[PDB]
Each structure stands twice: as structure tokens, then as C-alpha cells.
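Visitor: Right, I'll just put the structure down here and ask away after.
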RNA sequence: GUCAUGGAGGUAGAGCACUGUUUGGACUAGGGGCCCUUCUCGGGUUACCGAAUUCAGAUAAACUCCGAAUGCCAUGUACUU
RNA sequence: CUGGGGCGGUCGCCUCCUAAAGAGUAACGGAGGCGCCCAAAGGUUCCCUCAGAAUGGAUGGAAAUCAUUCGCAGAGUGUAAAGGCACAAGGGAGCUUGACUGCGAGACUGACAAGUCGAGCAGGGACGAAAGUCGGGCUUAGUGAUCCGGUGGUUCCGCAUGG
RNA sequence: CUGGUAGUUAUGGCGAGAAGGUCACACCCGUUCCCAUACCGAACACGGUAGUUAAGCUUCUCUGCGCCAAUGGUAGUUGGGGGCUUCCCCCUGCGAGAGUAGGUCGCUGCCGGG
Ligand SMILES: [K+]
Ligand SMILES: [Mg+2]
Ligand SMILES: [Mg+2]
Ligand SMILES: [Mg+2]
Ligand SMILES: [Mg+2]
Ligand SMILES: [Mg+2]
Ligand SMILES: [Mg+2]
Ligand SMILES: [Mg+2]
Ligand SMILES: [Mg+2]
């Protein structure tokens, strides 16, 4: 993996407002927000539009 | 509207198989590699095959479909 | 999907090297095979078809090392040693198709230091 | 992450007992996930390509290599070379960070999807995911770039038979 | 496309003639040719 | 019968030495008209012979034309001296070597076949023999 | 000059592996005829065309998977001249 | 030149067929090209494989790009054609200017004038770890003598001597 | 016995089926270091050996594809003769291509480990 070419690969937690569950998945755009789960390994947080697990059709 | 043609380029073999040649003797004139350089033979810039040393000229097969000319002292 | 065989394409590169590099009775070919675990060297007369000297990593007669590059330096040392013993001075270095960088290089470097003239 | 480990825990034995393989090496595993765009309106103006080279760089994580035309057709108005479409491949511990998104955040913004869309398989044993627009993903949003362009997502598997691939995608998570 | 003569800076003569396309290469071409007067390589520049 | 296109508009007359290399055994029909001696068969002769065969059969049974006129031939007009390059293409011929089955017919009784073929043979510049499979 | 041995070379013939020319089946695509609940979007037929596809069969100065006879170049410690 | 002459056409060079399996071989015989181009489209190191079809996928249509399988070349090779070329001579990238100076055993071709190939030697380099390759380009067209002028250089001559 | 490396016009190749595995070979696990991707530890490189013969790899069987291939006959043809000369025939030597009987799932050398 080259350096000083691509944007950050840093991990970040994604959370849905409805179901309210947390999971780790690395992506761009951190935004820098605190989390509850895994308090030791601090990661950013992003607000997410309604997920699949919440919606009963896809579930 | 025809009537044209280039000079013939006297291509083909210039020394026989089993013939003693001096170093630098042209063996074969050709466009491309009809025949490939063997041992002690070089390919000129126009594909002319020539003896790098004195010796006897030998045309051999070099694998089913191809052919080469060597010079053994 | 199909996974390309490294050795098959390796040997296709080797062909490209052997194109310009042949062993003679005066100057033979230092051929290097490299496996995931160990590495081997041969010194070959391509006019006759006979190997004169051969070092390797899995030899009970001297084969202690730390890293695979270090190990390959030790094999390079032995091949150079055993070559001088036989009475070979000047060799041409066949990469076998491996890129001259990591091991294969350190094998060559370490061999060139001892009694060998690339 | 939580998916690759979950592949090695509860997807390797069970699945194998369904088809009954000899070794655990035939076990259909995913290789590379290749996402390209293909900007038809690139030859005229290149800023729409820059936006395509910006969006993928916020979706995947690694910048895309710009793909150059192969032959020349006059109908579409194309000439030898010319940058037309971008492409990016995912392999390792960055790739299984691009299937969870599709399991979580991609599907619901799409209207309907009848489980595993059986029509979108080659048969040789690789999947292509039909992607309408870019707003399906959660990083870019529709308040940065002007036009959507579109996307096209391929997923390559070790699977030999299409059925030995269909029964993998589901168990991973993606319907 | 035109015939060009490369003048050596030291050599003090222009024995190297060449050619270029003066549309694609309008600038004066510099090449490190062997100068046989000084018997070494010297920068030669188009006149 | 004319080639749809040709690589070369002009072509050597060639020669007609030897037995035809192929098409010496009736292969489609029951009866065939075999050339006994060599000759150029022009497309105008092939058409003449075809209609003569066909009319006598009354849209009954099949007719294979086993020869095709591949070779153009040129001419010079009257009142034109030799030279000034090759003349313009006139027509199309099939060099028929001896033993070449030129026409074949099936789906009519022997007598009608044998009659159809003699009518055909009278339009051709070559000595013919009626042969059967 | 002949014998022996070696060799370069694509003609005659032949062949269809390529390139062009070409006949008859069989095979589906399609479009065009033909009827059409139809927006000729989709069906049902066709022998009116059709571009592939295979099966069988032809053809070539500027085709060749092949390939002579001769001729040519050499070599010999061969026999003549 | 000319199947009388004129009119028309042609005039030098390259490729093919004619050309009869070495070379050569005519016609106002059959077909085409040339009077350039390229600072990389040259050198070298390293790495690579094309066309097309099937199948699945947003704008995307028969045909753009992506993925898979089948693919000895059905592609490519600056430019005609022939002969070559996948160890590629085809395609990438890095560094470069050997598209070097002095030459050149020896051959090919040729009535001559000319034309062509060339190991190797020296000088000094490029690339390469080395081996080595490099005196332009896959090969074969892209040219025109002498005389007379012009410009540059010069341990040459300089009409008594120095100029 | 298997790894490496040559030679030999594919009788050696392809395709199909089967068996085998720390004795190497391999895939395989990782990206800290040298080194990589016109993006990607895929490749290249480097460090490991938990896991596996599934693939490549090696050995064994098969003639479906290819490949090799007689004998005989024919075509053609050097030389010598004839005709009824778009061509044809006879004598002597040479003698294809196609097709066929058949052959082939290689042979051969060196080096290391077993
Ligand atoms: K008649
Ligand atoms: Mg001529
Ligand atoms: Mg040249
Ligand atoms: Mg013939
Ligand atoms: Mg011919
Ligand atoms: Mg006249
Ligand atoms: Mg007259
Ligand atoms: Mg000749
Ligand atoms: Mg004076």
C-alpha cells in the first residue's frame, strides 16, 4: 500500500438511529464523534439512514 | 496504368552447406528470418546472415517449422 | 476464476534470460532456483549439459542461518567455495527469471565477494 | 473486521457439509471486488471524470486507476486512448470493509430486491451487482457532486458452479 | 521537419548534423555527443 | 452465374491438362453429365444447358450445377492494334478438365434424366458422357 | 561429365489449414414478406432475404497444412575427361 | 519509348505476380506504393500479451469501460506489398542520446558510376548487478552526380620577401 | 523416489478419468523491515508454516482431438519416342499430395536431497 496518495483508511463505527446497534467498518470521512461500545479503542461515529436489519423486508 | 517494378534484390543462399567460408562471408540474404543465425553466425541490420569466423557452413533444422545456418571450424 | 501458477510464468521469464545467457566450458552459468522455504545454486555447461558445482540450503554439511536472505548469502558462500575447489573462476549469473533484488541478489552479491568473477 | 473472521467461524464447515467437498481448500472464498463507473460524457469535458475520481475515492478507500479506450467507434464519438471511465479493486482486510456497507447501508435506499437476483449471474461463478445511482452509499451524499453518473460493482469468487456461489453471498449477509 | 546542425560549446565546430520537427520541438535541441577534437562527450546545441 | 466480386479483374487463361482433380464422381443426384474432353464452359452455355435440362423436367426433381465460372476472360474490340494493355473483361468461364461431372439430376426416372441430360449436352462445346451413381 | 553425400529453394501435382471465389443440404439468430388482441413493443407463420454455424462438395498467376521431377550450390580420399 | 507516326500514356525508386521450386529474366503484361515520418516511433534494462466471441451488469444503444471463461494470432507491427515476428521484431514503464568519432578482415551486388552487409580493433560513452547489447527505426522505398556558388573550420599553399 | 536444470521435428502437445503428499514442491497465513501496484501484498518482494492435497506438481490408465506414419497405386516429371497437338499416348528412371494399415499418452543426460 503506497503512502501519500490515497485518503485515510482509518476505522470508524456506523450506527442506525432506529435499531441502535454498533459495528466496526473502515471508511473515509471520520467527522470525529465519540462511541459507547469498545471504549478502550476509541473510534469516530457517523449517523446512518435506516439500515437493512431494521427493515423487515430485507431482514 | 501498370508497367512498374523494383530491381530484384538477389536474395537467397550465397554459400552452400559443406563449403569453407572466411569470417564475414554473407551466407543468406533475406527479408526477415527465413533462416535464423546459428553458432558463429550473425544477423546483419537487413537480416543478412554472415559467418563471424572461418569454418564450414551447415544449414540445420532448429525445431519443426524453423531453420538456421551455423559455421563450424 | 483461475489462479496463475507462479513457476510456469517464472519459467517463461527464465526462457527470456536463457535467451542471452548460455554456459561455456570456459565460463559456465550460475543458475539459481528459489523455493518458498529454501534456495539452490547450480553451475552448468550448456554446451555439454552437465552441472559442475551445486550449493543449497537443506545441506547437512553447513546449513545454519537466521533469515532466508542471510541463508541465501551462506549458500552463495558455499557455491563460490565449491566452484574455486573444482577450478572455475569466471561465471555468468542466470537469475532463473527471479527479479535480482532480495534473496537471488544476496546469493549473487555474497558469491561475487568470494572467488567468482561476474 | 466482523465479517472476514465471521467467514472463518460459521461459514467454512457448515456450507462445506451442504455440497460435501473433500478438503477445506475448495471452500468457495471471495478474491477481488472491482468497482468501475464509465463516464460516456468524458471526451468533451474532463471535470465530470474528476468528480468520478473523487466519489470512488470516498466509497472504497483507495483512489481508482483511470481506464483508457481500447478501439475507436465514431458513433459514440471516441478516439484512440482518451480517459473514459475509472476502476478500483479491493483485496485483503480493506475488501471485507466494502461488503458490510452493502449488507447495512446500500439496500434500504433501493426500492425492492427479491433476495438473490438470479438473473445477474454469469454462470462461470462470479456475481455483478446492478447499481442505479451513487446516493445508495452513505459517505458522498447528494450535497457535494452535481450529477450522479452511476456505478457498476463486480464480485469474483473461487466458486466453480453458480449454485456454489449463490449459497455463499447469502450466508455472508448480502441477501 | 528540417535539417539541424549541433554546435559543440567547446569543440568549436558543428560536425553533427541531424533533423527534427521544428513544430513539435521548436526549442534548440541539446544532446551530449562525443566531440572528437577534445576526445570526450560535450553538450552540443542546435544553432 | 457471375462471381459477386473478384480479387483481380483480369486473369491468365491458364491450361486444361490432366483429369479434373475433384468432382469426377456423381455426389448429389442419381445421374450426371461427365465431360470426356477438356473445354472452357462460358456462363451463357451453363444457363442454356440448365434451362434445357429444367424445362424438360417440368419443375420436377433437382439439378446441381457442379461447375462455376470463376475465371473472367477479356477481349479487344475490332479495329484495335495489339498492345496498350490487357482488354476489358467480356464474360466468365469454368475451365472444365476431362472427367469433371458438370451437371447432376435426381428425383425423375432414368429415361427423363437421360433425356434431360442429352438436351443439356447439345448446348455444351464439349464431348459428354451420361454417368450414374 | 557421372557416381556418392550434404544443402538452399515452394514450381508441377495436390490440398483446403489460411485468404479470396463457390454449390447443395441441415441449423438457430434476426430483419423483411404474411396475418396480427399490438404502440408491429411483443407473437404465429415463413422457404422473401439473411450473417454466423456446422455437414457434404468445388476452385486459384498475385491461396498453401503439403510438395516432387529437374535445375542450382557445395564436398569427396571416387571413375572418366 | 511507341505492334507505322500522331494523339493519349509512360520516363527515377520500392513490393508482389508474370518468373518455368537457386540467382537473373521481356511486353504500351497483371496489381499497388514512394519523393517521407519519429526527440521517440531511437538505445538499454525490467516487466507484459493481442483480436474476437460467449455470459452478467446504470446513463450504455449491435458496438464505450469492468469481470469471468474460450481464444497460435483470426491482433499489432508509423507508412504499399512481400518476407518475418508472441525467447516477440507487438505492448508498458525507468534511465538515456550508440540517430557516437576514427576505422574495418571479409563477403554480397554490380559493365561502370554506385549500392549492400560486416565480425573485430581504438577512443569516449548509454543502459545493465553482471552477462552483455547499442555506429537509428522488423526488413526492403523516402532520392540526384559533376561543374559553379554560399557559410564554418584549418599545426596546407601564399608567384621576390612579410602579409 | 522427488526438486532443479538441459537435450531431442508434439511418437513429447491438448482433453478426459484416477491416485499420491514435510521427502522436497505447492498453494496457503501475515505486511514490521528491503521492495512493490500507472489502484490493488493479485502480482512483485520480504517474514512465517497454523491449514491442505482442492488446484499446479509428480506417477498411472485412455486414442476423443491433434501429432507421426509405411507398403501399394495414382498425379506429376528428367531423358528418349510417337500422335488425330484447347491436348493426348508409349518406353526408361525418379516419384508425391490425399487416403489407408499402423504408431504415440514420450525418449535421453547431468546435479542435488530420498
Ligand atoms: K456437346
Ligand atoms: Mg524485373
Ligand atoms: Mg537500418
Ligand atoms: Mg496447379
Ligand atoms: Mg500456385
Ligand atoms: Mg501506334
Ligand atoms: Mg502493326
Ligand atoms: Mg527464381
Ligand atoms: Mg608573397
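Protein chains in written order, with the authors' numbering: chain 4, 1 to 59; chain Z, 19 to 91; chain R, 2 to 119; chain J, 2 to 176; chain 6, 2 to 48; chain P, 2 to 134. Idealized CB from N, CA, C, for every residue including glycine.
Can you find a C-beta in chain J that's less than 7 Å from the C-beta of residue 2 (chain R)?
Guide: Walking along the third chain from the start, residue 2 (chain R) turns up at place 1. Yes, because at least one Cβ of chain J sits closer than 7 Å to the Cβ of residue 2 (chain R).
Visitor: List the residues that DSSP assigns as beta-bridge partners of residue 31 (chain J).
Guide: Reading the fourth chain from its first residue, position 30 is the one you call residue 31 (chain J). Residue 31 (chain J) is bridged to 158 (chain J).
Visitor: Can you give me the start and stop residues for the beta strand (DSSP E) that residue 47 (chain P) sits inside?
Guide: As a position in the sixth chain, residue 47 (chain P) is number 46, starting the count at 1. Unbroken run through residue 47 (chain P) is the alpha helix (DSSP H), 44–58; no beta strand (DSSP E).
Visitor: Rounded to whole angstroms, what is the Cα-Cα separation between residue 142 (chain J) and residue 99 (chain R)?
Guide: The sequence position of residue 142 (chain J) within the fourth chain is 141, counting from 1. The sequence position of residue 99 (chain R) within the third chain is 98, counting from 1. The alpha-carbon atoms of residue 142 (chain J) and residue 99 (chain R) are separated by roughly 47 Å.
Visitor: Mapping the DSSP letters down to three states, classify residue 88 (chain Z) as helix, strand or coil.
Guide: The residue labelled residue 88 (chain Z) in the question sits at position 70 within the second chain. In the structure shown, residue 88 (chain Z) sits in a strand (DSSP, three-state: E or B).
Visitor: Rounded to the nearest angstrom, how far is the Cβ of residue 127 (chain P) from that of residue 38 (chain P), given a contact under 8 Å?
Guide: As a working note, residue 127 (chain P) is residue 126 in the sixth chain. As a working note, residue 38 (chain P) is residue 37 in the sixth chain. About 6 Å separates the two Cβ atoms, so the contact holds.
Visitor: By alpha-carbon positions, which one of 14 (chain J), 165 (chain J), 27 (chain J) and 19 (chain J) ends up nearest to residue 4 (chain R)?
Guide: As a position in the third chain, residue 4 (chain R) is number 3, starting the count at 1. Nearest C-alpha to residue 4 (chain R): 27 (chain J).
Visitor: Determine the burial state of residue 145 (chain J): buried for a count of at least 16 other Cβ atoms within 10 Å of its Cβ, exposed for fewer.
Guide: Position 144 of the fourth chain, counted from the first residue, corresponds to residue 145 (chain J). Answer is exposed; the Cβ neighbour count stays below 16.
Visitor: Can you give me the C-alpha to C-alpha distance between residue 159 (chain J) and residue 126 (chain J), rounded to a whole angstrom?
Guide: Here residue 159 (chain J) refers to the residue found at position 158 of the fourth chain. Here residue 126 (chain J) refers to the residue found at position 125 of the fourth chain. Near 8 Å, if we compare the C-alpha coordinates of residue 126 (chain J) and residue 159 (chain J).
Visitor: Nearest to residue 33 (chain 4) by alpha carbon, out of 59 (chain 4), 2 (chain 4), 5 (chain 4) and 12 (chain 4)?
Guide: Here residue 33 (chain 4) refers to the residue found at position 33 of the first chain. The option with the nearest alpha carbon to residue 33 (chain 4) is 12 (chain 4).
Visitor: Could you compute how far the alpha carbon of residue 37 (chain 6) sits from the alpha carbon of residue 7 (chain 6)?
Guide: Within the fifth chain, numbered from 1, the residue matching residue 37 (chain 6) stands at position 36. Within the fifth chain, numbered from 1, the residue matching residue 7 (chain 6) stands at position 6. Going by the C-alpha atoms only, they are around 14 Å apart.
Visitor: Are the stretch 4–19 of chain P and the stretch 71–85 of chain P touching, with three or more C-beta to C-beta distances below 8 Å?
Guide: Contact between the stretch 4–19 of chain P and the stretch 71–85 of chain P is present, because at least three Cβ pairs lie under 8 Å.
Visitor: Measure the CB-CB distance between residue 79 (chain J) and residue 87 (chain J) and report whether it falls below 7 Å.
Guide: Position 78 of the fourth chain, counted from the first residue, corresponds to residue 79 (chain J). Position 86 of the fourth chain, counted from the first residue, corresponds to residue 87 (chain J). No, Cβ-Cβ distance for residue 79 (chain J) and residue 87 (chain J) is not below 7 Å.
Visitor: In chain R, what lies closer than 8 Å to residue 157 (chain J) by C-beta?
Guide: Against the fourth chain, residue 157 (chain J) aligns to sequence position 156. Neighbours of residue 157 (chain J) on chain R, chain order: 2.
Visitor: Short of 6 Å in beta carbon distance, which residues of its chain neighbour residue 76 (chain P), apart from the five on each side in sequence? Order them along the chain.
Guide: What you label residue 76 (chain P) is simply residue 75 of the sixth chain in a count that begins at 1. Only 88 and 91 meet the Cβ criterion.
Visitor: In this structure, does DSSP put residue 68 (chain J) in helix, strand or coil?
Guide: Walking along the fourth chain from the start, residue 68 (chain J) turns up at place 67. Strand.
Visitor: Just to check my reading of the structure: residue 83 (chain R) and residue 35 (chain R) have Cβ atoms closer than 8 Å, yes? What is that Cβ distance to the nearest angstrom?
Guide: If you number the third chain from 1, residue 83 (chain R) lands on position 82. If you number the third chain from 1, residue 35 (chain R) lands on position 34. 19 Å between Cβ atoms; not a contact.
Visitor: Is residue 58 (chain 4) close to chain J, meaning its C-beta is less than 7 Å from at least one C-beta of that chain?
Guide: Within the first chain, numbered from 1, the residue matching residue 58 (chain 4) stands at position 58. Yes - at least one Cβ of chain J is within 7 Å of the one on residue 58 (chain 4).
Visitor: Within the same chain, show all residues whose beta-carbon is closer than 8 Å to that of residue 46 (chain Z), passing over the 5 residues directly before and after it, in chain order.
Guide: On the second chain, position 28 is the one that residue 46 (chain Z) refers to. Same-chain partners within the cutoff: 30, 31, 32, 52, 53, 66, 67 and 87.
Visitor: When DSSP labels each residue in this structure, what does residue 2 (chain 6) get in the three-state scheme?
Guide: Position 1 of the fifth chain, counted from the first residue, corresponds to residue 2 (chain 6). Coil at residue 2 (chain 6), not helix or strand.
Visitor: Beta carbons nearer than 7 Å to chain 4: which residues of the stretch 42–67 of chain J have them?
Guide: Those would be 58, 59, 62, 63 and 64, in chain order.
Visitor: Rounded to the nearest angstrom, what separates residue 94 (chain R) and residue 63 (chain J) at their Cα positions?
Guide: Working through the third chain from its first residue, we reach residue 94 (chain R) at position 93. Working through the fourth chain from its first residue, we reach residue 63 (chain J) at position 62. Approximately 39 Å, taken between the alpha carbons.
Visitor: For residue 29 (chain 4), return the contacting residues in chain J, with the cut-off set at a CB-CB distance below 8 Å.
Guide: Reading the first chain from its first residue, position 29 is the one you call residue 29 (chain 4). Those are 59 and 140, listed as they occur along chain J.
Visitor: Please decide whether residue 32 (chain J) counts as near chain R, where near means a Cβ-Cβ distance under 7 Å.
Guide: Along the fourth chain, read from residue 1 onward, the residue named residue 32 (chain J) stands at position 31. Yes, residue 32 (chain J) lies at the interface with chain R (some Cβ there is under 7 Å from its Cβ).
Visitor: Check whether chain J comes within 7 Å of residue 43 (chain 4), counting only Cβ atoms and requiring the distance to be less than that.
Guide: One-based indexing of the first chain puts residue 43 (chain 4) at position 43. Answer no: the Cβ-Cβ gap between residue 43 (chain 4) and chain J never drops below 7 Å.
Visitor: Roughly how many whole angstroms lie between the Cα atoms of residue 74 (chain J) and residue 148 (chain J)?
Guide: Taking the first residue of the fourth chain as 1, we reach residue 74 (chain J) at position 73. Taking the first residue of the fourth chain as 1, we reach residue 148 (chain J) at position 147. Each residue's Cα considered, the two are about 25 Å apart.
Visitor: Is any beta-carbon of chain J found at less than 7 Å from that of residue 23 (chain 4)?
Guide: One-based indexing of the first chain puts residue 23 (chain 4) at position 23. Residue 23 (chain 4) counts as touching chain J.
Visitor: Does the beta-carbon distance from residue 109 (chain P) to residue 61 (chain P) come in below 7 Å?
Guide: Looking up residue 109 (chain P) in the sixth chain gives position 108. Looking up residue 61 (chain P) in the sixth chain gives position 60. Yes, Cβ-Cβ distance for residue 109 (chain P) and residue 61 (chain P) is below 7 Å.
Visitor: Using alpha carbons as the reference points, say which of 64 (chain R), 86 (chain R), 92 (chain R) and 80 (chain R) lies closest to residue 22 (chain R).
Guide: Against the third chain, residue 22 (chain R) aligns to sequence position 21. When only C-alpha atoms are compared, the closest one is 92 (chain R).
Visitor: Kindly give me the distance between the Cβ atoms of residue 57 (chain P) and residue 116 (chain P), rounded to whole angstroms, as I take these residues to be in contact under 8 Å.
Guide: Counting from one through the sixth chain, the residue named residue 57 (chain P) turns up at place 56. Counting from one through the sixth chain, the residue named residue 116 (chain P) turns up at place 115. Confirmed, Cβ separation roughly 6 Å.
Visitor: For residue 79 (chain R), is the classification buried or exposed, using 16 other Cβ atoms within 10 angstroms of its Cβ as the cut-off for buried?
Guide: As a position in the third chain, residue 79 (chain R) is number 78, starting the count at 1. Residue 79 (chain R) is buried by the Cβ-count criterion.
Visitor: Given a cut-off of 7 Å on the beta-carbon distance, is the pair residue 101 (chain P) and residue 19 (chain P) in contact?
Guide: Sequence index remark: in the sixth chain, residue 101 (chain P) carries index 100 (1-based). Sequence index remark: in the sixth chain, residue 19 (chain P) carries index 18 (1-based). Taking 7 Å as the Cβ cut-off, residue 101 (chain P) and residue 19 (chain P) do not qualify as a contacting pair.
Visitor: How long is the line joining the alpha carbons of residue 69 (chain Z) and residue 61 (chain R), rounded to whole angstroms?
Guide: Residue numbering aside, residue 69 (chain Z) sits at position 51 when the second chain is read from its first letter. Residue numbering aside, residue 61 (chain R) sits at position 60 when the third chain is read from its first letter. Their Cα atoms are separated by approximately 50 Å.
Visitor: Taking residue 67 (chain P) as the reference, which of 97 (chain P), 6 (chain P) and 80 (chain P) has the closest Cα?
Guide: What you label residue 67 (chain P) is simply residue 66 of the sixth chain in a count that begins at 1. The residue with the shortest Cα to Cα distance from residue 67 (chain P) is 97 (chain P).
Visitor: Determine, using beta-carbon pairs with one atom in the stretch 87–96 of chain J and one in the stretch 19–34 of chain J, whether at least three such pairs fall under 8 Å.
Guide: In short, these stretches touch, since the Cβ pair count reaches three.
Visitor: Quick one: using the 10 Å Cβ neighbour count with 16 as the cut-off for buried, is residue 49 (chain R) buried or exposed?
Guide: What you label residue 49 (chain R) is simply residue 48 of the third chain in a count that begins at 1. Exposed, by the Cβ-count rule.
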